[PDB]
Amino acid sequence: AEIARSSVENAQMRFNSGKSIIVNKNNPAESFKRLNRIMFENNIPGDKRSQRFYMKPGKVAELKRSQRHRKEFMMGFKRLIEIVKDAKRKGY
Amino acid sequence: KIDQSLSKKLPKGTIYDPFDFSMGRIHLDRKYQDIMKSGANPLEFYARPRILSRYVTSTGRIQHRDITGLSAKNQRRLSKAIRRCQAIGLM
Amino acid sequence: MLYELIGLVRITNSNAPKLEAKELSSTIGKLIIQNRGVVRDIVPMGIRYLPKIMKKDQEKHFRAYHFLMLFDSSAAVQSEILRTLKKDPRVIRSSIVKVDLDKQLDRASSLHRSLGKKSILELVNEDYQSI
Amino acid sequence: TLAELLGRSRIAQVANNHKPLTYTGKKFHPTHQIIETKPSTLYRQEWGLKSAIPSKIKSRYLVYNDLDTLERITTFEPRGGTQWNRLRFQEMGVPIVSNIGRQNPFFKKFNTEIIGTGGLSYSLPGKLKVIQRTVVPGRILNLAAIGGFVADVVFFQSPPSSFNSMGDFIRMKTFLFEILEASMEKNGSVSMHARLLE
Amino acid sequence: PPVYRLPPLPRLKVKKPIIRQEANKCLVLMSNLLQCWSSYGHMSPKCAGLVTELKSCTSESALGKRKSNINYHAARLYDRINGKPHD
Amino acid sequence: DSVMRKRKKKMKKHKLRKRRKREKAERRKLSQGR
Amino acid sequence: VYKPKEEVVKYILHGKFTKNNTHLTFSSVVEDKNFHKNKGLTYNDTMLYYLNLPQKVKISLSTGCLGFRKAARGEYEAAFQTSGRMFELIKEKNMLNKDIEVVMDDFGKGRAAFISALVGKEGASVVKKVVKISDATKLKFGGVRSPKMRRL
Amino acid sequence: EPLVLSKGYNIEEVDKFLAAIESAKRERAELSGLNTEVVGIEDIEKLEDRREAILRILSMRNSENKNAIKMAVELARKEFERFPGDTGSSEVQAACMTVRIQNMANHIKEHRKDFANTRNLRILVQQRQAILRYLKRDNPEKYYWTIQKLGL
RNA sequence: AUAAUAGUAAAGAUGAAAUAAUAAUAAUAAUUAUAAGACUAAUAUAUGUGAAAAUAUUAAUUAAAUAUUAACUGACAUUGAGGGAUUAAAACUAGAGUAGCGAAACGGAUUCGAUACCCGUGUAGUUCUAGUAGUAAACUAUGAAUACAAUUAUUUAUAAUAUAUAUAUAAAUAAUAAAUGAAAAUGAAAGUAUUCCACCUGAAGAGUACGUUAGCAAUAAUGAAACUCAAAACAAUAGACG
């Protein structure tokens, strides 16, 4: 009670999660956008969409594998194009 | 007065070059921009919910080995320590 | 074998925060002892608001007094200790994890092991200095 | 012997080093050895590397890490040009205390730590070129890069108008500075002081 | 750590290499009208200081406005960058 | 050939329909005391 | 023993911005400088209350209310135009005296709008009194299963 | 039996090794320039417990069945060996597989649906037999000696 | 789902709509609060671990599974007819449970028709417990074992070095050489060889009939012939087509 009324709600001075982005008043877009980042960086949004229709476990595993493969080629492609750019720059 | 994204501020310690003093350079740098990573049984920290709090997307989520980039064993033991810490009251 | 119990006890004494915690620390102990087994290292971890409001016995404990006891007993006594714990209304979220000593004759508490240490005999000469 | 020949090969005279050719890390000491080529070889497009350097390169100085690599090319950056910074240190004419030179001027089984001037200086500390040095012009960072070496600008009185005169082009503007002195922290980093004549 | 060699491909071209060109400048102008017409009503007493812009955007050309060279760079620097074994 | 395998499917399904009709005859007077 | 003592604290504007409809709900916390004027409850008790102060919906609003009906209740116009009403109402009911937090939930086309509307012009007089934005999308950790895949 | 322990720790060696400390402690002080006071009994009480704990912390009644087995295989090898050391003799190998075959079995007599470890028990049995079959093809005398010895 | 609460008129679903016990009994949304079940995000590559089924929420116990030396054993093996053991999803027999899902069912859509796709309820079942049964594209469509053969890059295990380096080993994964191959392609095997087991000998009829065994049953295994054709199948190619 009193002993903790002083407790500045110690609790809520760092109590919640990352699902929050205090707004620096003034700029509002940025703040709202700051959430767009967290949201789009904890994949929260996309997961909701997935957790809508559950495919057979083998089917979802296959999909996951395919996604992984796609990811790995994209960064393999990126690596290749960076080398190509370097070669262009140098003279090769 | 000027914006940040346009003015390298090499510390004096370094070796500034004629190009180094250029925008190209600024762009270049951007492009090319951990006691656990050191080698301590990440599982031993099965409690200390402080240490584990680090490699965490701050959403009760561990990270793919694209960010954490910890050793397979280190990351898996860190993940196990986080999961074990969930069992160990704190975190 | 060597076990560990990072249990989180509840508190009610606006006054003493380590009342029950200590009282339970006695209980568990008394029994870890009267049964062939050595208590080893106790490392009061004090208090830390629980990340979530952990409702125990419909009390919704938003905080708990973490504590740790490094002990050693047969499976049964170790198993039995689990039973005691969950079934102790005071404790809120218990846990006994193993500490195999196959390699190191004496193992420290998980905590010190992440502090760089590894053994009590080590952690003792670590303080021995004085006399 | 084949090996004897290679053991003296200029290719091996150059040690190996896989340090990145971008090194975004703060730089104090050089990372690789520049390969100098006589203008002749440049037209002959010869650089002594595993593969010939592309005509696109028109410098006579390049730095290489991989004679050749899986990508079927040599990993080199034709931007090797430290030749300028170190020479400018000579253009600046200032010696380094180098802590205490017990017996040997640089003093010190292996002198890995406190390597010394680091080949940035091989001249007697005291000389009369000091005659108040030679107020070498430097590019004020706010600190002032003199001859590729930043030196903290010092002055009898703070002159804001001087900074206002160059506005945001303080680094673009170059002011002569009577270098107070420089020093090589064991991490091979030179710390120096400038004399803003404003 | 970083490392991801690819498998041989017909060619490592790039899809629609996105060079980036601003959205029909007019499209932004017409949009702001409806970004200041939703409120304040049609031809907002404020939008006078707006339609002034969407005027000539049309006029002669109702649509004020009715590349890249990486594919060859790729075609030429792939049979070199790809770490294919010998043959 | 998958199409050929699918035909088995049509044939097994057809036989399953016959089995259902045969199932009526099964467990009946024929399979009891006879 | 005291009697109710209510001094609303912050104001909460919440919404479930789903695909087929968008909802906005303005609520107000509630409090009392009395809970602790009683020695019967233990110290813990009080914080529990504080940690989770009560709450009262003050302006339930859904796209359809503003006019749209059926499919349309899922588009953008709806939200942009079913937000203003919400805000406009926070004004008339004289509810802008203390801070307000936002909690965009789910991701129907409406979320963006209610976020445009807050920032742009119709949010103006309100935005100002908003503290921290946030979010409460509900994702499940396995949990229960979800519809088969509509072979749409 | 009571007082047994792990990793070669016969209680006697403990009694004699623990004892070494007694001799050492006192004799450390005999020399130098420090006198003898509380060390008249060095807390017989404290040392008595020290050893005691050691015993609880090294008592098979408080260790792991695996450890009891580590002891056993030895016992058997040493009852079936051909000479000090031999650990490859068919009977030694058989005897060793025997100890386990039991453990494994009592294990299965609880986890009746554990099948993988059931495959194990069997493979072993099939295996012991295979080596036992070899010894009856070699030192036949030994074979029968051994089998009747192990109980088959 | 269920009250508590305050709030108002729609809610919800779809291509768009209908309905149902949706909501003027005050709904949905909100926020608290009880109860009941299933499941287990990231990490997470099924990397891996398992004989194969399978298998990534946490811990406890039990058990198996590693490398390298060292001591021993002394060919004790290679794998195998038959047999035995395990064996996904569905199904079944008991007993409990039953949130969500969802055969069947019934209703609403759409459509020319719609016993479908779409949508609303939603029962057998999906869960556990003890069983039973023994089949899957149980697929790497590739039986097991041993000896051997040309490179590279990554994992990575691991010894070593004068750990943090560049080295020697293995192991896996990815590109290939040779070789093989109807080609697709295989790549330390689909190569070079040796050993052992299983199985095939045109298509239909047919894994059907019948007999026999096993099962509570559905069924599972075993498994013919007559009749009729000069067909039937696969990889590579053009071309037409979507």
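Parameters and conventions
Residues numbered from 1 in each chain as written, not as in the entry; some residues may be left out. Chains lettered and ligands numbered in written order. Part of a larger assembly, values for the part shown. Heavy atoms only, no water. Helix = DSSP H or I, 4+ residues; strand = E, 2+ residues; numbered from the N terminus. Rg over C-alpha atoms; globule rule 2.2 N^0.38 Å. Buried < 20%, exposed > 50% of the residue type's maximum accessible area, 1.4 Å probe, protein only. Areas by Shrake-Rupley, 256 points an atom, 1.4 Å probe, with all protein chains shown as cover. Contact = heavy atoms within 4.5 Å. Buried area = accessible area lost by both parts, 1.4 Å probe. Salt bridge = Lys/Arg side-chain N within 4 Å of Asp/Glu carboxyl O. Polar contact = N/O pair within 3.5 Å; in protein donor to acceptor, adjacent residues only side chain to side chain. Near = heavy atom within 4 Å. Nonpolar A, V, L, I, M, F, W, Y, C, P; charged D, E, K, R; others polar. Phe/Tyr/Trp six-rings, centres within 6.5 Å; stacked < 30°, edge-to-face > 60°. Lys NZ or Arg CZ within 6 Å of the ring centre and 35° of its normal. Disulfide = S-S within 2.5 Å. Pairing = 2+ DSSP bridges. Axes fitted to C-alpha atoms, helices over the stretch in contact; angles between N-to-C directions. Patch = residues over 30% accessible without salt bridge, like charges linked within 9 Å, V, L, I, M, F, W, Y side chains within 5 Å. Core = buried A, V, L, I, M, F, W, Y, C linked by side-chain atoms within 4.5 Å.

- The deposited coordinates for this entry were obtained by cryo-EM, with a reported resolution of 3.2 Å.

1. Brief notes about the overall build of chain A
Now for step 1: Secondary structure assignment for chain A yields 4 helices and 1 strand.
Now for step 2: Reading the helices (α) and strands (β) of chain A from amino to carboxyl end gives α-β-α-α-α.
Now for step 3: In terms of C-alpha radius of gyration, chain A reaches 23 Å, well past the compact-globule figure of 12 Å for 92 residues.
Now for step 4: Along the first, second and third principal axes, the C-alpha set of chain A runs to 75 × 45 × 25 Å.
Now for step 5: Across the 92 residues that make up chain A, the buried fraction comes to 26%.
Now for step 6: When the accessible surface of chain A is split by element, carbon and sulfur atoms take 55% of a total near 6,500 Å².

2. Here we look at the interface of chain E and chain A
Now for step 1: Taken together, the contact between chain E and chain A spans 13 residues of the former and 14 residues of the latter.
Now for step 2: Between chain E and chain A, the buried area comes to about 1,400 Å², and carbon and sulfur atoms account for 80% of it.
Now for step 3: Taken together, the connections running from chain E to chain A amount to 0 salt bridges.
Now for step 4: Put simply, chain E and chain A have 1 residue pair in polar contact between them.

3. Looking at the pattern of salt bridges
Opposite charge on two side chains allows them to pair when their charged atoms are near.
Residues and elements named next belong to chain C.
Now for step 1: Evaluation of the coordinates by the stated rule reveals 34 salt bridges over all chains.
Now for step 2: Close ionic contact of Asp 72 with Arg 40 constitutes a salt bridge, the shortest N to O distance being 2.3 Å. With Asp 72 in strand β6 (residues 69-72) and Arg 40 in strand β3 (residues 39-42), the pair connects residues that are 32 residues apart, well separated along the chain.
Now for step 3: On the basis of relative accessibility, which here comes to 25%, the residue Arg 40 falls in the partly exposed class.

4. Points about the protein's contact with RNA strand I
Now for step 1: What surrounds RNA strand I is a group of 81 residues, the closest being B:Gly60, C:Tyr3, C:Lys60, G:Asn20 and H:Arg119.
Now for step 2: Near the protein, meaning within 4 Å, the atoms of RNA strand I are sugar or phosphate in a fraction of 78%, with bases accounting for the rest.
Now for step 3: The side chain of C:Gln78 places a nitrogen or oxygen atom 3.2 Å from a sugar or linking oxygen of RNA strand I.
Now for step 4: At 2.9 Å, a backbone N or O of C:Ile96 approaches a sugar or linking oxygen of RNA strand I.
Now for step 5: Of the residues belonging to the surface near RNA strand I, the class tally is 21 nonpolar, 25 polar and 35 charged.

5. What to know about the packing of aromatic side chains
Now for step 1: Under the definition given, this model contains 13 aromatic pairs over all chains.
Now for step 2: Here the aromatic rings of D:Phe89 and D:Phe149 are separated by 5.6 Å at their centres, their planes lie at 85°, and the arrangement is edge-to-face. Each member of the pair, D:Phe89 together with D:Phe149, is buried.
Now for step 3: In textbook terms, an aromatic cluster arises when at least three aromatic residues are bridged by ring pairs, as seen for G:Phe17, G:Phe87 and G:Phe114.
Now for step 4: Lying over the aromatic face of D:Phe76, A:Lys90 brings its terminal NZ or CZ to 5.2 Å of the ring centre.
Now for step 5: Between D:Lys173 and the ring centre of D:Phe175, over which it is positioned, the NZ or CZ distance is 5.0 Å.

6. Observations regarding the arrangement of the chains
Now for step 1: Ranking the 11 pairs of chains in contact by contact count places chains A and G at the top.
Now for step 2: Regarding chain C and chain D, the two do not touch, and the least distance separating their C-alpha atoms is 28 Å.
Now for step 3: Of all C-alpha pairs spanning chain D and chain G, none lies closer than 34 Å, and the two are not in contact.

7. Details of the state of the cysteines
All names here are of chain E.
Now for step 1: For the structure shown, the criterion picks out 0 disulfides over all chains.
Now for step 2: The closest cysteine sulfur to the non-disulfide-bonded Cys 26 is located on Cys 57, 3.3 Å from its own sulfur.
Now for step 3: Look at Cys 26 and you get buried, because its relative accessible area is 8%.

8. Let's talk about the sheet that holds β6(C)
Residue and element names in this part refer to chain C.
Now for step 1: In spatial order, the strands read β3-β6-β1-β8; together these 4 strands make up an open sheet with antiparallel pairing. In this open sheet, the two edge strands, each paired with only one partner strand, are β3 and β8 (96-99). Each strand of the sheet is rotated relative to its neighbour by a mean of 25°, with strand direction disregarded.

9. Considerations on the interface of chain G and chain A
Now for step 1: Of the residues lining the interface, 29 residues belong to chain G; the matching set on chain A comes to 30 residues.
Now for step 2: When the two sides are added together, the surface that chain G and chain A hide from each other amounts to roughly 2,700 Å², 72% of it contributed by carbon and sulfur.
Now for step 3: Taken together, the connections running from chain G to chain A amount to 0 salt bridges.
Now for step 4: Where chain G meets chain A, there are 5 residue pairs in polar contact.
Now for step 5: Going through the elements one at a time, α1 (43-51), α3 (109-119) and β6 (133-134) of chain G are the ones with two or more residues in the side of chain G that touches chain A.
Now for step 6: Tallying contributions element by element places α1(G) first for the side of chain G that touches chain A, with 5 residues.
Now for step 7: Taken together, the residues of the side of chain G that touches chain A break down into 15 nonpolar, 4 polar and 10 charged.
Now for step 8: Here strand β1 (residues 20-21) of chain A pairs with β6(G) via 2 bridges, running antiparallel. For A:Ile21, the partnering residue across the bridge sits in β6(G) and is G:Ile133.

10. Section: the sheet that holds strand β4 (residues 48-54) of chain C
Now for step 1: Strand order in the open sheet formed by 4 strands is β4-β5-β2-β7 (chain C), with antiparallel pairing between adjacent strands. A strand with exactly one partner marks an edge of an open sheet, and here the two such strands are β4 and β7 (91-93) of chain C. Neighbour-to-neighbour, the strand axes of this sheet turn through a mean angle of 50°, independent of strand direction.
Now for step 2: Relative to β7(C), strand β2 (residues 7-9) of chain C runs antiparallel, the two being bridged by 2 bridges. Note that in β7(C) the partner of C:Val9 across the bridge is C:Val91.
Now for step 3: Where helix α1 (residues 19-34) of chain C meets the sheet, it contacts β2, β5 (61-67) and β7 of chain C, and its direction lies at approximately 50° from that of β5(C).
Now for step 4: Along the sheet face, α1(G) touches β4 and β5 of chain C and points at about 125° away from the line of β5(C).

11. A closer look at a nonpolar patch on the surface
All names here are of chain A.
Now for step 1: A cluster of nonpolar side chains, namely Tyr 54, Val 60 and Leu 63, defines an oily patch on the protein surface of about 240 Å² accessible area.
Now for step 2: As for its placement among the helices and strands, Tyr 54 is situated in the loop between α3 (44-50) and α4 (57-90).
Now for step 3: Owing to a relative accessible area of 35%, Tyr 54 belongs among the partly exposed residues under this scheme.

12. What to know about the environment of A:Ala29
Residue and element names in this part refer to chain A.
Now for step 1: Inspection of the secondary structure puts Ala 29 in helix α2 (residues 29-41).
Now for step 2: Since its relative accessible area comes to 31%, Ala 29 is described here as partly exposed.
Now for step 3: For the pair formed by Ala 29 and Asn 43, sequence separation is 14 residues and the distance between their alpha carbons is 20 Å.

13. A closer look at the pairing of strand β2 (residues 61-66) of chain D
Now for step 1: Both strand β1 (residues 34-36) of chain D and β2(D) contribute to a ladder of 3 bridges, which runs antiparallel. Within β2(D), the residue paired with D:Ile34 across the bridge is D:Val63.

14. Quick word on the nonpolar core
Now for step 1: Residues G:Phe26, G:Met86, G:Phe87, G:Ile90 and G:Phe114 are the most contacted members of the largest nonpolar core, which totals 34 residues.
Now for step 2: Breaking this core down by element, the ones donating at least two residues are α2 of chain A together with β1 (11-16), β2 (23-29), α2 (76-92), β5 (100-105), α3 and α4 (124-127) of chain G.
Now for step 3: The element that contributes the greatest number of residues to this core is α2(G), accounting for 6 residues.
Now for step 4: Among residues more than four places away in sequence, those in contact with G:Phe87 are G:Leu13, G:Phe114, G:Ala117, G:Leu118, G:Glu122, G:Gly123 and G:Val126.
Now for step 5: Ranked by size, the runner-up nonpolar core spans 30 residues in total, among them B:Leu52, B:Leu70, B:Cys85 and B:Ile88.

15. Here's the deal with the environment of E:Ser68
All names here are of chain E.
Now for step 1: Note on placement: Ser 68 falls in the loop between α2 (48-57) and α3 (70-81).
Now for step 2: Residue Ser 68 is classed as partly exposed on the basis of its relative accessible area of 43%.
Now for step 3: Apart from the residues within four sequence positions on either side, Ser 68 is in contact with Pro 17 and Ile 19.

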